[PDB]
Amino acid sequence: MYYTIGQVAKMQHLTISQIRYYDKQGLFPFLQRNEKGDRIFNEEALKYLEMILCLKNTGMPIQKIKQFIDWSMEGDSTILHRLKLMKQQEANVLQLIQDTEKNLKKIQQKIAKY
Amino acid sequence: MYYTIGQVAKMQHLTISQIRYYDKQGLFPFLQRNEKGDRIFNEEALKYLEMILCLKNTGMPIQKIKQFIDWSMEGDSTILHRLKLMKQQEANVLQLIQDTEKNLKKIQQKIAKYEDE
């Protein structure tokens, strides 16, 4: 099965415009074309999509995500580079959670004050 | 005592230009004047800055943050408005944490995977 940008957009609660914009940014070099020439996502493509959105939604710069995608398609020769990257993002995301909790507390205290 | 835009930037680990952006966006209507005529931060101005940053760091749109500031300036006649805004943000931040935990799970699974070898 090869899913279309429209189906992917539906799956992700995103618009066709957003997905096309990411495509435009060079984030989907792994897309292929079906018999109709439509740019489609195979199972693997969707998994890459999940991570792309994950990294994007956790503050990783586009250029860095593209770098991650490039390494993934290069093969296990970059497995160490990628592991490093993910470990770094885990560390970054744990900090995000920590900082967001700190902000939640300020918000809640303000609510108490009111 | 007051503090300069520059000192506040250092304390808030902000760049001089970042704070000026918030200024242009009209988020510091509460800034005072020193004997010279410069605009500075007193203790209350800083408390407002911390919230501005808190709301901005949690994704609140700039226009709503300004709306929060303007309401705070109007006095306790907007207490219900402000209370409401915070309650919605709290709800938004709770969702944000859950969404982030979900993302953390995806990154961790990828880590487990990479440790194939």
Side-chain angles (χ1 to χ4, degrees), chain A residues 1-97 99-100, chain B residues 55-65 88-117:
Chain A
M1 295 298 285
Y2 295 90
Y3 303 91
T4 68
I5 283 171
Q7 302 175 303
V8 161
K10 295 246 310 176
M11 281 185 229
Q12 303 291 329
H13 288 184
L14 294 179
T15 63
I16 282 71
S17 300
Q18 292 173 298
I19 304 298
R20 281 178 167 163
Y21 181 62
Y22 300 150
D23 191 9
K24 191 181 192 180
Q25 293 180 302
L27 288 177
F28 312 144
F30 48 77
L31 263 37
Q32 46 192 296
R33 290 182 192 276
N34 56 14
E35 308 296 358
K36 294 173 197 165
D38 187 26
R39 329 232 284 211
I40 54 184
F41 293 67
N42 64 359
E43 305 295 59
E44 175 171 293
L46 297 180
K47 298 188 180 179
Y48 276 133
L49 173 63
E50 176 185 60
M51 183 59 68
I52 293 166
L53 294 174
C54 177
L55 297 168
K56 186 175 187 298
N57 293 161
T58 50
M60 187 177 288
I62 300 159
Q63 304 285 180
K64 203 177 179 185
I65 304 168
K66 296 173 69 174
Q67 171 174 42
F68 168 71
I69 296 164
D70 286 321
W71 290 331
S72 300
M73 301 179 288
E74 284 179 47
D76 61 298
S77 169
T78 60
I79 190 73
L80 277 296
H81 294 174
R82 287 179 278 134
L83 181 60
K84 181 172 190 292
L85 223 198
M86 288 295 100
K87 288 193 179 187
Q88 173 174 177
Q89 193 63 349
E90 174 187 42
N92 285 328
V93 178
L94 285 166
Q95 183 66 54
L96 253 174
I97 294 298
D99 293 332
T100 307
Chain B
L55 297 173
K56 166 274 188 175
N57 285 159
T58 46
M60 182 178 291
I62 306 77
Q63 74 117 57
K64 294 176 183 178
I65 298 168
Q88 301 182 309
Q89 188 58 10
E90 162 187 37
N92 284 322
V93 179
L94 268 341
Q95 185 64 55
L96 174 59
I97 282 63
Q98 177 169 284
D99 289 344
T100 304
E101 289 282 6
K102 171 142 48 280
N103 283 316
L104 178 58
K105 186 180 175 182
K106 293 170 176 177
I107 282 71
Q108 297 188 312
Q109 184 57 279
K110 185 61 65 179
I111 288 171
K113 175 177 177 174
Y114 290 159
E115 306 189 321
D116 289 312
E117 301 148 57

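Here is the naming used below: chain letters follow the sequence lines, and residue numbers restart at 1 for every chain. Note: hydrogens, waters and symmetry copies are ignored here, and every other heavy atom, side chains too, is used.
In this structure, A:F28 has its ring center at least 6.0 angstrom away from the ring center of A:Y48.
Here the CG-CG distance, from A:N34 to A:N42, works out to 12.0 Å after rounding to the nearest 0.5 Å. Here A:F30 contributes atom CZ and A:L46 contributes atom CG; the two are 8.5 Å apart, rounded to the nearest 0.5 Å. A distance of 8.0 Å separates CD1 in A:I40 from CD in A:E35, rounded to the nearest 0.5 Å. The structure places CD1 of A:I5 at 12.0 Å from CG of A:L14, a figure rounded to the nearest 0.5 Å. Taking CD of B:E101 as the start and OG1 of A:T100 as the end, the distance is 10.0 Å to the nearest 0.5 Å. The structure places NZ of B:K110 at 11.5 Å from NZ of B:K106, a figure rounded to the nearest 0.5 Å.
With sequence neighbours excluded, the residues forming a side-chain contact (heavy atoms from CB on, under 4.5 Å) with A:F68 are A:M51, A:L55, A:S72, A:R82, A:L85, A:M86, B:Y114, listed by chain and number. In terms of the side-chain contact (heavy atoms from CB on, under 4.5 Å) criterion, residue partners of B:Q98 (sequence neighbours excluded) are, by chain and number, B:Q95, B:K102. Partners of A:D23 under the salt bridge (charged side-chain N to carboxylate O under 4.0 Å, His left out) rule, at least two apart in sequence or in another chain, are A:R39. Partners of A:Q25 by side-chain contact (heavy atoms from CB on, under 4.5 Å), not counting sequence neighbours, listed by chain and number: A:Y21, A:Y22, A:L27, A:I62. Scored by the side-chain contact (heavy atoms from CB on, under 4.5 Å) test, B:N57 finds A:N103, B:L53 as partners (sequence neighbours excluded).
The closest side-chain heavy-atom distance from A:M73 to A:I69 is below 4.5 Å. At a threshold of 4.5 Å between non-hydrogen side-chain atoms, the residues A:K87 and B:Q108 do not count as touching. Two residues are said to be in side-chain contact when any heavy atoms from C-beta on lie closer than 4.5 Å; A:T58 and A:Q89 meet this criterion.
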Applying side-chain contact (heavy atoms from CB on, under 4.5 Å), run through A:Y3 and A:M11 and close with a yes or a no.
CA-CA 10 Å; A:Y3 303 91; A:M11 281 185 229; 3.6 Å; yes

Would you check, one step at a time, whether the test side-chain contact (heavy atoms from CB on, under 4.5 Å) holds for A:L80 with A:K84?
CA-CA 6 Å; A:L80 277 296; A:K84 181 172 190 292; over 6 Å; no

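Under the 3.5 Å distance criterion, the side-chain polar atoms of A:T15 are matched with a main-chain donor or acceptor of A:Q18. Side-chain atoms of A:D76 do not come within 3.5 Å of backbone N or O of A:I79 as any donor-acceptor pair. Listed for the A:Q7 side chain is a donor-acceptor partner under 3.5 Å among the backbone atoms of A:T4.
Across all non-hydrogen atoms, the minimal contact from A:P29 to A:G26 is CD-O, 3.5 Å. Nearest heavy-atom pair, A:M60 versus A:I65, reported as atom, atom and distance to 0.1 Å: O-CD1, 3.6 Å.
Residue A:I16 places its CD1 atom among more than 12 non-hydrogen atoms of other residues, nucleotides or ligands, all under 6.0 Å distant. Other residues, nucleotides and ligands contribute over 12 non-hydrogen atoms within 6.0 Å of the CD atom of A:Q32.
Within the structure, no pair that satisfies the salt bridge (charged side-chain N to carboxylate O under 4.0 Å, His left out) test touches residues 44-53 of chain A, not counting sequence neighbours.
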